[PDB]
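Here is the structure we will look at, set down as structure tokens.
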4 protein chains.
Amino acid sequence: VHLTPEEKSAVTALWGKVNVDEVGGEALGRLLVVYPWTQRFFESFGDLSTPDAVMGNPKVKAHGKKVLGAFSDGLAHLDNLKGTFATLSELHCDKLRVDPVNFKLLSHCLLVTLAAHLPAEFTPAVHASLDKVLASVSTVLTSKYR
Amino acid sequence: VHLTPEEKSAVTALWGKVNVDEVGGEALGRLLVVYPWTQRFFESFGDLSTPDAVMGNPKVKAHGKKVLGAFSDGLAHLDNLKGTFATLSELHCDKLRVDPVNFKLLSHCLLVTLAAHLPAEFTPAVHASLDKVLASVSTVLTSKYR
Amino acid sequence: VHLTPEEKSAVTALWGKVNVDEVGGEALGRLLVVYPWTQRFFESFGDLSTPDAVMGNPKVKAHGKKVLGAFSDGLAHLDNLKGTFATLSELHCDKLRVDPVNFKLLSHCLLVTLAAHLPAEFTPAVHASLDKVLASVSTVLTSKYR
Amino acid sequence: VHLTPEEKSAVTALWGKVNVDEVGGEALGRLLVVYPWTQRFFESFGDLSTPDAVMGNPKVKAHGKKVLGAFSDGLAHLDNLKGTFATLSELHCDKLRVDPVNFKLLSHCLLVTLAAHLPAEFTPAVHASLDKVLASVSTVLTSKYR
Ligand code: HEM
Ligand code: HEM
Ligand code: HEM
Ligand code: HEM
């Protein structure tokens, strides 16, 4: 993540319009629907057998809202991503064994969801800037592996 | 592709609302802005140094339309993708040396511009159907490396 | 696979020197030691916490032999890979939810143990032929996700 | 890269037996042969049209020896990988546009080459340790992208 003042401000502005309740559950729901192998991490959540099932699942909705929260907290502290996400690095890596590529797939399901929700604001350059913030947050979460 | 009738027809239905001019250019434009290393393939196109520079660049837009037209045709030969993208596989593999990964990144830039242009239509289920078609077209255009 | 007679016969020839017992176990063992997140799929096997622990573990070795035997059979149906790995595709995709990426990582752990066991035979050209077969078997075992 | 004293010593010992002249050219030669799209970065080098052509190419041989050198220098300074490879980050990223995945493919072609050359020494644990050193050196070389 190497953001200029102009990039930080444009992602900041974008993010200020994001409804965290509805974008997080939709982002996590698209990962389980589109990339169906991710469902093995969330079977405790219940029935995920159809799109309708996934998107209706309140455990999904609630957890997704927990994810975006953590991410906004990441955005308030670009300068200390490693400090901010250190404990989530151990949960995901040492306890949950979340495969590194899934962080990238979740990143992808978040950018498709922000584009459908904020079409005017999700320009090629805000896309580029969020893509390297999301890339560095994913580097920090898989750091118990290297 | 393991498209059920519903999946295939939902893809067929969203695709008819796509404005090829508008979407092919932005899709290729987001590839070049977000994943800058891909610019080495399109040096020929002239100025690509700023988001505005690659987005409005007329070669980008032209090419964008050509990429989507070949995708439209592939969509109508869903049962025979291998056969339809056969000469494009030699071009990309043998003549152009395009990394397999870049086809995955372009597919992702396309799902993002589609989400932004058709938000109401871009439901998690058609996003999943479209990702499968996109993945199949990618394994076929990458055929001549394996 | 776009195996020329020479490629197919060179693969056929190296494969006949492979000691399945010795190589299947070490291949799966290197997956689990090098990419630890894969251990979540084989928790059933008991102790996998140390390199020595996963390497000598008898379930690892047993399974290793089973994975290579299915690969031997796939090799002798090079022309019909889709057909031969068909029931193993449902198992890995629908029942086990194995990430597509893990098939690429296992293929890599196998090329490394093969290099080590057959160094004189593991020439860049048979390494390339073997990587193509491995890639084709992977796109087929991943069929039921696309 | 999080190496214990025991890991550092075991990679150190391994590396002390590596013939840098012959392992670097073989590692770079396997990347161009096996992953043929990488040849677009090295066409100035000449004829790379066959395995025989690639492996005989002295520009390949010499460059490969330049790569491993840089890598041994990386190994002498784990504690400052970012300081050591900062200029190579700008050459590869801003001047050469080397796609991030190719760093991982080169890593892979180096581990297959060390296994064929030092079979006794290339144990599952030295493999695991070199894999995360190589992973972090590749993170540092693609850092102009994030
Ligand atoms: C890339 C951004 C990610 C962030 C910021 C993140 C954040 C979180 C947070 C805040 C928690 C702890 C709170 C809770 O227990 O609900 C958590 C739990 C968890 N995360 Fe992640 N996570 C990320 C990616 C992933 C990915 C890619 C997966 C796997 C597909 C994953 C799987 C899980 C699971 C299984 C739990 C436990 C859920 C439960 O039992 O309620 N996470 N994550
Ligand atoms: C989604 C898959 C893709 C499709 C359907 C596709 C389609 C096309 C088509 C239709 C042409 C043929 C132009 C002609 O000869 O008439 C072409 C050319 C080309 N493609 Fe692709 N392509 C795809 C992905 C890529 C990717 C990922 C790259 C590299 C980043 C790429 C780079 C090129 C280049 C450099 C040319 C020729 C440049 C020029 O027009 O002067 N293509 N592609
Ligand atoms: C190179 C491709 C692979 C082949 C040819 C292969 C082959 C096999 C075979 C033959 C079985 C069937 C056992 C039976 O029902 O009789 C099996 C089971 C299984 N495979 Fe794979 N497999 C491959 C890759 C993977 C990967 C990448 C993973 C995950 C890291 C995986 C995880 C499993 C698991 C967990 C089982 C069942 C566990 C048990 O034996 O109790 N496989 N595989
Ligand atoms: C992962 C380890 C890598 C290291 C340590 C590394 C190191 C080097 C070094 C030391 C040079 C500068 C000296 C010279 O000009 O010969 C160089 C040049 C270069 N590297 Fe890399 N490199 C790495 C990966 C890659 C990869 C993956 C590619 C692309 C497939 C690549 C492509 C090039 C090219 C094209 C040059 C210029 C060669 C010439 O014109 O002579 N490098 N690299």
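So you can find residues: chains in the structure tokens are A, B, ... in the order shown, residues in each start at 1, and ligands are numbered from 1 in order.
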Output as a tab-separated table one row per residue of chain A within 8 Å of chain C: the closest atom pair and its distance in Å to one decimal place, counting only C-alpha atoms, sorted by chain and residue number ascending.
```
residue	atom	partner	partner_atom	distance
A:36	CA	C:97	CA	7.6
A:37	CA	C:97	CA	4.5
A:38	CA	C:97	CA	7.6
A:39	CA	C:97	CA	7.9
A:40	CA	C:97	CA	6.5
A:93	CA	C:37	CA	7.5
A:97	CA	C:37	CA	4.5
A:98	CA	C:37	CA	6.4
A:99	CA	C:37	CA	5.9
A:101	CA	C:101	CA	7.6
A:145	CA	C:36	CA	7.8
```
Can you work out which residues are within 9 Å of ligand 3, considering only C-alpha atoms and all ligand atoms, and then hand them over as an mmCIF file with N, CA, C and O atoms, in the first residue's frame?
```
data_model
loop_
_atom_site.group_PDB
_atom_site.id
_atom_site.type_symbol
_atom_site.label_atom_id
_atom_site.label_comp_id
_atom_site.auth_asym_id
_atom_site.auth_seq_id
_atom_site.Cartn_x
_atom_site.Cartn_y
_atom_site.Cartn_z
ATOM 1 N N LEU C 28 2.890 -36.140 -0.533
ATOM 2 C CA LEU C 28 1.864 -35.632 0.353
ATOM 3 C C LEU C 28 2.472 -35.089 1.635
ATOM 4 O O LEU C 28 2.026 -34.066 2.151
ATOM 5 N N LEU C 31 3.559 -31.541 1.130
ATOM 6 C CA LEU C 31 2.426 -30.622 1.050
ATOM 7 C C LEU C 31 2.071 -30.083 2.437
ATOM 8 O O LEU C 31 1.985 -28.875 2.710
ATOM 9 N N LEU C 32 1.953 -31.057 3.339
ATOM 10 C CA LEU C 32 1.531 -30.819 4.701
ATOM 11 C C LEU C 32 2.607 -30.070 5.467
ATOM 12 O O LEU C 32 2.275 -29.153 6.207
ATOM 13 N N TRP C 37 -1.604 -25.066 6.028
ATOM 14 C CA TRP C 37 -3.043 -24.939 5.949
ATOM 15 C C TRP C 37 -3.702 -26.175 5.348
ATOM 16 O O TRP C 37 -4.826 -26.506 5.708
ATOM 17 N N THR C 38 -2.993 -26.976 4.546
ATOM 18 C CA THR C 38 -3.594 -28.154 3.945
ATOM 19 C C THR C 38 -3.869 -29.205 5.008
ATOM 20 O O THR C 38 -4.680 -30.105 4.791
ATOM 21 N N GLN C 39 -3.206 -29.139 6.169
ATOM 22 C CA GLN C 39 -3.413 -30.089 7.250
ATOM 23 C C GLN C 39 -4.858 -30.154 7.698
ATOM 24 O O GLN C 39 -5.301 -31.209 8.160
ATOM 25 N N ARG C 40 -5.627 -29.072 7.534
ATOM 26 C CA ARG C 40 -7.023 -29.077 7.889
ATOM 27 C C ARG C 40 -7.736 -30.171 7.116
ATOM 28 O O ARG C 40 -8.697 -30.713 7.633
ATOM 29 N N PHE C 41 -7.333 -30.598 5.932
ATOM 30 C CA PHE C 41 -8.047 -31.658 5.237
ATOM 31 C C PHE C 41 -7.760 -33.041 5.789
ATOM 32 O O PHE C 41 -8.524 -33.989 5.560
ATOM 33 N N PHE C 42 -6.656 -33.193 6.516
ATOM 34 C CA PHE C 42 -6.265 -34.519 6.935
ATOM 35 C C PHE C 42 -6.142 -34.593 8.432
ATOM 36 O O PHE C 42 -5.316 -35.358 8.931
ATOM 37 N N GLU C 43 -6.962 -33.849 9.182
ATOM 38 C CA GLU C 43 -6.945 -33.872 10.645
ATOM 39 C C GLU C 43 -7.150 -35.256 11.234
ATOM 40 O O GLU C 43 -6.562 -35.648 12.244
ATOM 41 N N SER C 44 -8.037 -35.984 10.566
ATOM 42 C CA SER C 44 -8.303 -37.395 10.781
ATOM 43 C C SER C 44 -7.034 -38.260 11.030
ATOM 44 O O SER C 44 -7.039 -39.179 11.843
ATOM 45 N N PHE C 45 -5.913 -37.933 10.363
ATOM 46 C CA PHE C 45 -4.672 -38.685 10.398
ATOM 47 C C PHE C 45 -3.912 -38.568 11.709
ATOM 48 O O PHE C 45 -2.879 -39.219 11.922
ATOM 49 N N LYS C 59 -0.719 -42.969 8.077
ATOM 50 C CA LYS C 59 -1.903 -42.641 7.299
ATOM 51 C C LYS C 59 -1.454 -41.804 6.115
ATOM 52 O O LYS C 59 -1.865 -42.074 4.984
ATOM 53 N N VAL C 60 -0.542 -40.842 6.350
ATOM 54 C CA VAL C 60 0.077 -40.047 5.282
ATOM 55 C C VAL C 60 0.613 -41.013 4.215
ATOM 56 O O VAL C 60 0.112 -41.029 3.081
ATOM 57 N N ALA C 62 0.006 -44.119 3.572
ATOM 58 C CA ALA C 62 -0.999 -44.943 2.919
ATOM 59 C C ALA C 62 -1.748 -44.162 1.883
ATOM 60 O O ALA C 62 -1.951 -44.569 0.748
ATOM 61 N N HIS C 63 -2.112 -42.961 2.267
ATOM 62 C CA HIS C 63 -2.901 -42.133 1.418
ATOM 63 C C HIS C 63 -2.079 -41.753 0.207
ATOM 64 O O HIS C 63 -2.614 -41.716 -0.923
ATOM 65 N N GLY C 64 -0.786 -41.504 0.480
ATOM 66 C CA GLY C 64 0.147 -41.115 -0.546
ATOM 67 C C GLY C 64 0.153 -42.146 -1.649
ATOM 68 O O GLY C 64 0.092 -41.804 -2.823
ATOM 69 N N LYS C 65 0.154 -43.424 -1.303
ATOM 70 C CA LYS C 65 0.171 -44.476 -2.279
ATOM 71 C C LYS C 65 -1.115 -44.505 -3.076
ATOM 72 O O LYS C 65 -1.119 -44.749 -4.295
ATOM 73 N N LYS C 66 -2.248 -44.226 -2.423
ATOM 74 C CA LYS C 66 -3.543 -44.189 -3.089
ATOM 75 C C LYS C 66 -3.628 -43.052 -4.107
ATOM 76 O O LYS C 66 -4.073 -43.283 -5.236
ATOM 77 N N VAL C 67 -3.144 -41.851 -3.766
ATOM 78 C CA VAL C 67 -3.085 -40.708 -4.668
ATOM 79 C C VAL C 67 -2.239 -41.070 -5.880
ATOM 80 O O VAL C 67 -2.628 -40.863 -7.027
ATOM 81 N N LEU C 68 -1.047 -41.634 -5.725
ATOM 82 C CA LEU C 68 -0.251 -42.010 -6.893
ATOM 83 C C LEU C 68 -0.823 -43.125 -7.737
ATOM 84 O O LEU C 68 -0.724 -43.072 -8.967
ATOM 85 N N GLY C 69 -1.436 -44.134 -7.134
ATOM 86 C CA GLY C 69 -2.073 -45.166 -7.915
ATOM 87 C C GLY C 69 -3.115 -44.572 -8.822
ATOM 88 O O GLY C 69 -3.158 -44.947 -9.990
ATOM 89 N N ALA C 70 -3.935 -43.623 -8.364
ATOM 90 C CA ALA C 70 -4.952 -42.978 -9.201
ATOM 91 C C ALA C 70 -4.282 -42.134 -10.250
ATOM 92 O O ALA C 70 -4.777 -42.020 -11.366
ATOM 93 N N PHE C 71 -3.131 -41.563 -9.947
ATOM 94 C CA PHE C 71 -2.392 -40.861 -10.966
ATOM 95 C C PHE C 71 -1.844 -41.830 -12.023
ATOM 96 O O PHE C 71 -1.916 -41.505 -13.207
ATOM 97 N N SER C 72 -1.351 -43.037 -11.686
ATOM 98 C CA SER C 72 -0.830 -44.037 -12.620
ATOM 99 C C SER C 72 -1.879 -44.447 -13.623
ATOM 100 O O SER C 72 -1.651 -44.606 -14.830
ATOM 101 N N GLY C 74 -4.619 -42.596 -14.336
ATOM 102 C CA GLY C 74 -4.866 -41.440 -15.185
ATOM 103 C C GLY C 74 -3.849 -41.335 -16.300
ATOM 104 O O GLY C 74 -4.216 -41.088 -17.440
ATOM 105 N N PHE C 85 -10.901 -39.549 -14.200
ATOM 106 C CA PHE C 85 -10.982 -38.884 -12.904
ATOM 107 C C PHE C 85 -12.340 -38.328 -12.526
ATOM 108 O O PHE C 85 -12.467 -37.608 -11.529
ATOM 109 N N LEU C 88 -13.572 -39.098 -8.935
ATOM 110 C CA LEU C 88 -12.723 -38.381 -8.012
ATOM 111 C C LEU C 88 -13.019 -36.886 -8.077
ATOM 112 O O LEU C 88 -12.863 -36.205 -7.061
ATOM 113 N N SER C 89 -13.469 -36.315 -9.193
ATOM 114 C CA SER C 89 -13.883 -34.931 -9.212
ATOM 115 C C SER C 89 -15.080 -34.659 -8.270
ATOM 116 O O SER C 89 -15.104 -33.650 -7.543
ATOM 117 N N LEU C 91 -15.910 -36.281 -5.542
ATOM 118 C CA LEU C 91 -15.411 -36.426 -4.200
ATOM 119 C C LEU C 91 -14.662 -35.182 -3.792
ATOM 120 O O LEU C 91 -14.997 -34.599 -2.753
ATOM 121 N N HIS C 92 -13.673 -34.728 -4.557
ATOM 122 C CA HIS C 92 -12.890 -33.586 -4.139
ATOM 123 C C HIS C 92 -13.727 -32.326 -4.191
ATOM 124 O O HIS C 92 -13.755 -31.598 -3.191
ATOM 125 N N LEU C 96 -15.473 -32.963 -0.567
ATOM 126 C CA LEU C 96 -14.392 -32.540 0.300
ATOM 127 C C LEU C 96 -14.135 -31.048 0.292
ATOM 128 O O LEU C 96 -13.488 -30.543 1.212
ATOM 129 N N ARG C 97 -14.617 -30.307 -0.720
ATOM 130 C CA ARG C 97 -14.369 -28.868 -0.847
ATOM 131 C C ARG C 97 -12.872 -28.508 -0.859
ATOM 132 O O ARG C 97 -12.340 -27.705 -0.098
ATOM 133 N N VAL C 98 -12.119 -29.127 -1.736
ATOM 134 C CA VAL C 98 -10.709 -28.856 -1.768
ATOM 135 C C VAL C 98 -10.538 -27.661 -2.694
ATOM 136 O O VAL C 98 -10.997 -27.602 -3.838
ATOM 137 N N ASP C 99 -9.886 -26.629 -2.184
ATOM 138 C CA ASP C 99 -9.525 -25.488 -2.999
ATOM 139 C C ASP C 99 -8.760 -25.938 -4.239
ATOM 140 O O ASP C 99 -7.748 -26.651 -4.130
ATOM 141 N N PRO C 100 -9.136 -25.467 -5.444
ATOM 142 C CA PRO C 100 -8.392 -25.623 -6.681
ATOM 143 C C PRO C 100 -6.911 -25.389 -6.484
ATOM 144 O O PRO C 100 -6.090 -26.186 -6.948
ATOM 145 N N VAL C 101 -6.544 -24.374 -5.684
ATOM 146 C CA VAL C 101 -5.125 -24.088 -5.516
ATOM 147 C C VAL C 101 -4.357 -25.228 -4.923
ATOM 148 O O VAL C 101 -3.237 -25.488 -5.336
ATOM 149 N N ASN C 102 -4.952 -26.000 -4.017
ATOM 150 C CA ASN C 102 -4.207 -27.066 -3.371
ATOM 151 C C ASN C 102 -3.772 -28.155 -4.332
ATOM 152 O O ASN C 102 -2.763 -28.829 -4.092
ATOM 153 N N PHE C 103 -4.446 -28.257 -5.486
ATOM 154 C CA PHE C 103 -4.080 -29.269 -6.463
ATOM 155 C C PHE C 103 -2.818 -28.790 -7.156
ATOM 156 O O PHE C 103 -1.933 -29.563 -7.489
ATOM 157 N N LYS C 104 -2.674 -27.484 -7.317
ATOM 158 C CA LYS C 104 -1.478 -26.932 -7.911
ATOM 159 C C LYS C 104 -0.312 -27.099 -6.925
ATOM 160 O O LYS C 104 0.839 -27.353 -7.328
ATOM 161 N N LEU C 105 -0.548 -26.926 -5.626
ATOM 162 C CA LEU C 105 0.533 -27.074 -4.646
ATOM 163 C C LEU C 105 1.021 -28.533 -4.472
ATOM 164 O O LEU C 105 2.223 -28.804 -4.418
ATOM 165 N N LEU C 106 0.094 -29.491 -4.443
ATOM 166 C CA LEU C 106 0.412 -30.915 -4.463
ATOM 167 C C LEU C 106 1.180 -31.247 -5.715
ATOM 168 O O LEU C 106 2.219 -31.876 -5.570
ATOM 169 N N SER C 107 0.737 -30.934 -6.931
ATOM 170 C CA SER C 107 1.533 -31.122 -8.153
ATOM 171 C C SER C 107 2.919 -30.577 -7.973
ATOM 172 O O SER C 107 3.876 -31.235 -8.313
ATOM 173 N N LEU C 110 4.982 -32.859 -5.668
ATOM 174 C CA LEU C 110 5.307 -34.075 -6.405
ATOM 175 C C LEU C 110 6.470 -33.882 -7.372
ATOM 176 O O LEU C 110 7.370 -34.724 -7.377
ATOM 177 N N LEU C 134 0.130 -33.081 -15.162
ATOM 178 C CA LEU C 134 -0.315 -32.626 -13.865
ATOM 179 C C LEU C 134 -1.327 -31.490 -13.919
ATOM 180 O O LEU C 134 -2.346 -31.530 -13.234
ATOM 181 N N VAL C 137 -4.731 -32.978 -15.217
ATOM 182 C CA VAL C 137 -5.392 -33.790 -14.192
ATOM 183 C C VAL C 137 -6.045 -32.815 -13.198
ATOM 184 O O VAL C 137 -7.216 -32.963 -12.850
ATOM 185 N N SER C 138 -5.324 -31.771 -12.796
ATOM 186 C CA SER C 138 -5.855 -30.705 -11.972
ATOM 187 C C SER C 138 -7.064 -30.024 -12.625
ATOM 188 O O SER C 138 -8.096 -29.936 -11.949
ATOM 189 N N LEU C 141 -9.899 -32.649 -12.106
ATOM 190 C CA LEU C 141 -10.380 -32.874 -10.749
ATOM 191 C C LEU C 141 -11.125 -31.666 -10.198
ATOM 192 O O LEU C 141 -11.945 -31.774 -9.281
#
```
Gap from CA of residue 61 (chain D) to atom 35 (C, counted along the ligand's line) of ligand 4 - Å, one decimal:
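The value is 13.6 Å.
Once chain C has been superposed on chain D by least squares across all Cα atoms, the two differ by an RMSD of 0.4 Å.
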Using only C-alpha atoms, which of the listed residues (D:33, D:18, D:1, D:27) sits closest to residue 132 (chain C)?
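Result for the nearest residue to residue 132 (chain C): D:33.
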Residue among A:125, A:54, A:109, A:78 lying closest to ligand 1, counting only C-alpha atoms and all ligand atoms
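When distances to ligand 1 are compared using only C-alpha atoms and all ligand atoms, the smallest one comes from A:109.
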